[PDB]
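Residue numbers (PDB author numbering), protein chains in the order written: chain SI0, 8 to 165; chain SE0, 1 to 256; chain SL0, 2 to 158. Backbone N, C-alpha and C define an ideal beta-carbon position, used for all residues, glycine too.
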Amino acid sequence: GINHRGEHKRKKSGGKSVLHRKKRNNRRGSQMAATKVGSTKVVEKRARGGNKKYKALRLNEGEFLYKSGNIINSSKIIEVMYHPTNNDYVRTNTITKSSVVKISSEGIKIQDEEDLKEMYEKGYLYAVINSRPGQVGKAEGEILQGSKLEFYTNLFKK
Amino acid sequence: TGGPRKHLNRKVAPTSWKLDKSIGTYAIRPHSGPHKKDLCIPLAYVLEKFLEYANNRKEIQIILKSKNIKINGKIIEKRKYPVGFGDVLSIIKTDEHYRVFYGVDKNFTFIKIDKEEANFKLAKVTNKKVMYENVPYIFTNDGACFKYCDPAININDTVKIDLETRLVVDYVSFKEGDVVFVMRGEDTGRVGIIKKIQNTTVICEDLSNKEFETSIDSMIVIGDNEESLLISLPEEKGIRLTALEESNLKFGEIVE
Amino acid sequence: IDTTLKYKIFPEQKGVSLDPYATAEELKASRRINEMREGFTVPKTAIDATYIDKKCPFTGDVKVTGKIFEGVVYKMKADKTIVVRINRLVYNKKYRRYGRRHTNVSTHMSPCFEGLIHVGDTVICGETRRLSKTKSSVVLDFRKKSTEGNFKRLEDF
RNA sequence: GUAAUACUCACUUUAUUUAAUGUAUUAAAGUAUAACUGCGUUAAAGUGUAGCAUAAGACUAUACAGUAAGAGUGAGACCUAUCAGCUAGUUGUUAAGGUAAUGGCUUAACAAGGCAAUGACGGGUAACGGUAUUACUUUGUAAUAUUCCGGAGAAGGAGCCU
Ligand SMILES: [Mg+2]
Ligand SMILES: [Mg+2]
Ligand SMILES: [Mg+2]
Ligand SMILES: [Mg+2]
């Protein structure tokens, strides 16, 4: 269906290329699975020689880590704020790797810092994903603190 | 070719199997095992060609199913079992024991040994690291794992396997001035005294005081000293005289 | 943190983690420098600088394995790519003479060497795994263009 | 069919998967369908409804060797100028998806790069590549469907299950 071969592309000089064999099963691809937000759902895959893969169609209640106090706690996922490569994913609410989100601060026990205090009055905090959702099958990430919060907030919608 | 190969051809067979390149077309492709592809031979050729105990395929099953064949102290009934380097095979009947290493002309030989040598076995360490729950381990060439050994045994030193309790008993370290045995390369079956150890090769001395250089992976030290001699040597002792002296013994030496 | 390289993601290195409220010198002493093969030193600009590159072998991920070749630079127009020209000689058995052949190899340039390397001087490279469609090696060291015969004044003596 | 991505040789794979083999580590009551018995169907090829129908079976995980395979880098190889300019996913940067895995392998955004008289880009072949082996020789030429190793296809094309 979808191949990853290299025999079809042009040469370094720009001349055309010619094929001599059919499509092999060794280089075999799949379509994109866009992980949405909703009620949870996980389907299984079969890879080469056993080795089962997990893909997540609709994800909820991802895990996150507090960097200062060094504890890990679960939270809900509300909205997406920024996506690096394509800016259309923010209106469709798809979660991929390295895309910042907005999480509930209910179970989280935060320390007293100047920056997080004003958002902690409301329910929301910020986090950034660090795991492949479509292949591992679950999201994990870090909570934004310090100058890392200064970098992303210049890129927000405003 | 979408998968593995299962048929082997007699012309690409190794010449060290001493087969005839006559009327046959196919040869036995042996099983996967602990030894490499070069140092292994099938078992069904040993009972037919080198040892002479059977004539055809029927008499092979008779000796094997009677459970007298004992390789490394274990009974085996499969004809495709690979016999490697250095292992001791024996028959339970008649108390016959053999050690397997190469001759002088790159061929397999079988040398009758004693029951005091029939117990143990020699191998060479290749790798060592500490496994789970803080337990040390030492890995040999054939793939056996061994734990809780002496800390004076290094990565390249040889061991002595008891073969019945499967415990490391004795070891010989790696240094200069040791007797050595080689098993691969263009020079096989040479027995030599170490003179200089380089980082990748070893500069050695034959019993006929010659010289040859050989990589470190292809050798196995059998004794630290000449007086040690942990195993029994072959009859030629691996001297492998040159073609000049083979031309000298036929017609006499050139008088000058 | 540095604006020498335009970013779309937070510029940190892999595996090097610390407290978020961190000073400039505390960030500076935690930069991980890779280890190299013999005969090669890490440059001075690999340590004091603040850039983060995925493909530079000093403070990076790519490990160089294999042979080492040489050449002369040809072009420096694009970003982090240079074209190295390699000359050699082939032997013809019938006429018993030699011919001259040439190749072009595009290699990856680290951001350490910026104003030094010009057009017309040697570069010592090293082959790695594949990095692009046409990019497979990495610049390691350079020498200046030789000055054998040129006009020298008395102050040049 | 393919003038090189195929083949030969020298290197890398910390960038990867492996049933059957060897040595070791670990863990341990309930629930279908067949064959059978019995009613049938159509020119043929095959198929249906019952007997709460009824059996054996199914609901541990990893290391290191060992075989097998995938993926890269570089060098070599027929005739033609009445074929002198060619290339736009084409060359590079950042980011993501996908694969067992490196990689414009695919997609967004930006930039203008990449190759050539040391022959690019085109056209032809009554072109499967090496090799064991034959001739003729003063530094080597010519044949090699034929023995063996390697690659591709099952009227022509495409797609997929186990
Ligand atoms: Mg039934
Ligand atoms: Mg595009
Ligand atoms: Mg031919
Ligand atoms: Mg036909």
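Asked                                                                                                                             : Found
Three-state secondary structure assigned by DSSP to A54 (chain SI0)                                                               : strand
One or two residues paired with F108 (chain SE0) in a DSSP bridge                                                                 : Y102 (chain SE0)
Identity of the residue in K129 (chain SE0), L163 (chain SE0) and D178 (chain SE0) nearest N154 (chain SE0) by Cα                 : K129 (chain SE0)
is_contact[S46 (chain SI0), chain SL0] using C-beta, thresh 9 Å                                                                   : no
Length of the line joining the Cα atoms of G192 (chain SE0) and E149 (chain SL0)                                                  : 55 Å
Cβ pair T101 (chain SI0), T42 (chain SI0) closer than 9 Å                                                                         : yes
Among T24 (chain SL0), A25 (chain SL0), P21 (chain SL0) and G16 (chain SL0), nearest to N35 (chain SL0) - alpha-carbon criterion  : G16 (chain SL0)
Paired residues, beta bridge with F212 (chain SE0) - DSSP                                                                         : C204 (chain SE0)
Rounded C-alpha distance that separates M219 (chain SE0) from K115 (chain SE0)                                                    : 26 Å
Three-way DSSP call (helix, strand, coil) for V12 (chain SE0) in this model                                                       : coil
Chain SL0 within 9 Å of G153 (chain SI0), Cβ atoms only                                                                           : yes
Proximal chain SI0 residues relative to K9 (chain SL0), where beta-carbon distance stays under 9 Å                                : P91, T92 and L162
Rounded Cβ spacing between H109 (chain SL0) and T82 (chain SL0) (contact assumed at less than 8 Å)                                : 7 Å
Runs of beta strand (DSSP E) wholly within the stretch 9-95 of chain SL0 (minimum 3 residues, chain order)                        : 71-76 and 82-93
Residue span of the beta strand (DSSP E) that contains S228 (chain SE0), given as start and end                                   : Neither: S228 (chain SE0) is in no beta strand (DSSP E) and is coded neither H nor E.
Reduced DSSP category for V168 (chain SE0) - H, G, I as helix; E, B as strand; rest coil                                          : strand
Within chain SI0, the residues that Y75 (chain SL0) reaches when beta carbons sit closer than 8 Å                                 : Neighbours of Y75 (chain SL0) on chain SI0: none; closest Cβ ~15 Å, over 8 Å.
Close beta carbons around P44 (chain SL0), own chain, < 6 Å, minus the five adjacent residues each side                           : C113
Pick from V143 (chain SI0), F163 (chain SI0) and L162 (chain SI0) that is closest to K52 (chain SI0), judged by C-alpha positions : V143 (chain SI0)
Whole-angstrom distance between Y61 (chain SI0) and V50 (chain SI0), CA atom to CA atom                                           : 6 Å
Residue ranges of each beta strand (DSSP E) within the stretch 63-107 of chain SI0, 3 or longer                                   : 70-72, 79-81 and 84-89
Backbone CA spacing between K23 (chain SI0) and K136 (chain SL0) [nearest angstrom]                                               : 21 Å
C-beta atoms of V107 (chain SI0) and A134 (chain SI0) nearer than 9 Å                                                             : yes
Short-range partners of chain SI0 found in the stretch 11-29 of chain SL0, where Cβ spacing is below 9 Å                          : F11, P12, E13, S18, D20, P21, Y22 and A23
With 16 other Cβ atoms within 10 Å as the buried cut-off, status of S147 (chain SL0)                                              : exposed
Touch test, the stretch 54-72 of chain SI0 against the stretch 136-152 of chain SI0, Cβ-Cβ under 8 Å, three pairs minimum         : yes
Buried versus exposed, by CB contacts within 10 Å (16 or more), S37 (chain SI0)                                                   : exposed
Min CB distance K78 (chain SL0) to chain SI0 below 9 Å                                                                            : no
DSSP three-state assignment for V25 (chain SI0), whether helix, strand or coil                                                    : coil
Beta carbon of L64 (chain SE0) nearer than 9 Å to that of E77 (chain SE0)                                                         : yes
Chain SL0 contacts from the stretch 103-136 of chain SI0 (Cβ-Cβ distance under 9 Å)                                               : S105, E120 and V135
Beta carbon proximity, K134 (chain SL0) to chain SI0, threshold 9 Å                                                               : yes
Paired residues, beta bridge with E128 (chain SL0) - DSSP                                                                         : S138 (chain SL0)
Close Cβ partners of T46 (chain SL0) (< 7 Å) along its chain, the five nearest in sequence each way excluded                      : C113
Below-9 Å beta-carbon distance, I2 (chain SL0) vs any chain SI0 residue                                                           : yes
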